[PDB]
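Chemist: As they sit in the full assembly, here are the leading chains:
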Amino acid sequence: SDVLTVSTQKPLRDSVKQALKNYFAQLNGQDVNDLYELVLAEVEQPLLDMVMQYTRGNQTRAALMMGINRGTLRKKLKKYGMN
Amino acid sequence: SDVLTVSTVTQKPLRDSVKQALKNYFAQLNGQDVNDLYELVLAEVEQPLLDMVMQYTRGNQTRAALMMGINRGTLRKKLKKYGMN
Amino acid sequence: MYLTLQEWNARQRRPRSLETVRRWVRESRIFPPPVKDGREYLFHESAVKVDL
């Protein structure tokens, strides 16, 4: 019933949940100040990698696939060094 | 070396779990047209992260927003999105 | 040499809540008083909290 799942079939939200529980444990007293961008970057880099292989480098097709502006797609690609 | 990882028993980075979940999503694509794959992936990832940080701060919103490095308001607005108050 | 309220608070001996430090600015308890360029305050490096 879940669109995004990883292999039993577990949803992606479970994989994220386990990763943070592992993250919080490893924090030996360190203070967190940027956890959102740390997670977003770990998820934006693969999803860009996948719709770019899907549309075979067609930026316009990949951007419309995600529902974002073509420049926004170009900007995020420049961010993660996918020129 | 990677800061966010899962247990599979080897420690696989979360970027792998996302790569594999899209390859599976693309295989399920029986010719359908995808038009907002970003919002779909984001919603599947924002909701768990919100739950976990809020659990860690024991529901202290300010401590949770300070944790993620985002405005307290956008923390409140994102909690209202995924229905968590 | 000008820092935001967020940064200056962290540099202090005992950093307090952001809402409290903003009340300090509202109550003029910080000299030199920080100007407000746009939506944010800009502290001076030297600024401290004067005890009224």
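Modeler: Okay, I see it. Numbering: from 1, shown residues only, chains lettered A, B, ... in the order given.
Chemist: The chain: helices as residue ranges?
Modeler: Answering for chain A, as no chain was given. A:12-26, A:35-54, A:59-66, A:70-79 (DSSP state H).
Chemist: wrong chain, I was asking about chain C
Modeler: C:5-11, C:18-26.
Chemist: Please identify which of those is closest to residue A:38.
Modeler: Nearest to residue A:38, of all those, is helix C:5-11, at 18.3 Å by C-beta to C-beta. Where C-beta positions appear, they are placed from N, C-alpha and C, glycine not excepted.
Chemist: Report whether the closest one contacts chain B.
Modeler: No. Helix C:5-11 is not in contact with chain B by C-beta under 8 Å from any C-beta of the partner chain; minimum separation 9.6 Å.
Chemist: then DNA strand D, please:
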DNA sequence: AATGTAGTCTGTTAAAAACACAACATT
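Modeler: Alright, DNA strand D goes in next:
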């Protein structure tokens, strides 16, 4: 007493959007 928080508001501004278009590419 002073400080912390949630909740509800304001402004300011940066990201994202929409669009335009000559260039080059693909079909």
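Chemist: any idea how far chain B is from the spatially most central residue of chain A?
Modeler: Central residue of chain A (C-alpha atoms, centre = their mean): residue A:43, 1.6 Å from the mean position. Note on residue A:43: its distance to chain B, by C-beta to the nearest C-beta, to the nearest Å, is 5 Å.
Chemist: you'd agree that residue is up against residue B:17?
Modeler: No. At 9.5 Å, residue A:43 and residue B:17 do not qualify as touching, with contact defined as C-beta atoms under 8 Å.
Chemist: What residues does chain C have near DNA strand D?
Modeler: Counting by C-beta under 7 Å from any atom of the strand, chain C comes close to DNA strand D at C:16-17, C:19-20, C:24, C:37-39.
Chemist: following sequence is DNA strand E, add it:
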DNA sequence: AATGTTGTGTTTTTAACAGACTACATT
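Modeler: Okay, DNA strand E now, added to the rest:
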């Protein structure tokens, strides 16, 4: 030749931002 895509500007629009402030809680 026709048609789509890139590269890269504009200009508009959305979403994040810092802050104000009150009632109530924690220290």
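Chemist: quick one: contacts for the residue nearest to the centre of chain A?
Modeler: Residue A:43 makes contacts with B:14-15, B:18, B:41-42, B:45, as judged by C-beta atoms under 8 Å, 6 or more residues apart in numbering or on different chains.
Chemist: how does it look with 10 Å?
Modeler: With contacts defined as C-beta atoms under 10 Å, 6 or more residues apart in numbering or on different chains, residue A:43 is in contact with A:12, A:16, B:4, B:14-15, B:17-18, B:41-42, B:44-46, B:49.
Chemist: Excluding chain neighbours, what is closest to residue A:69?
Modeler: The shortest distance from residue A:69 to any non-neighbouring residue, by C-beta to C-beta, 6 or more residues apart in numbering or on different chains, is to residue A:63 (6.7 Å).
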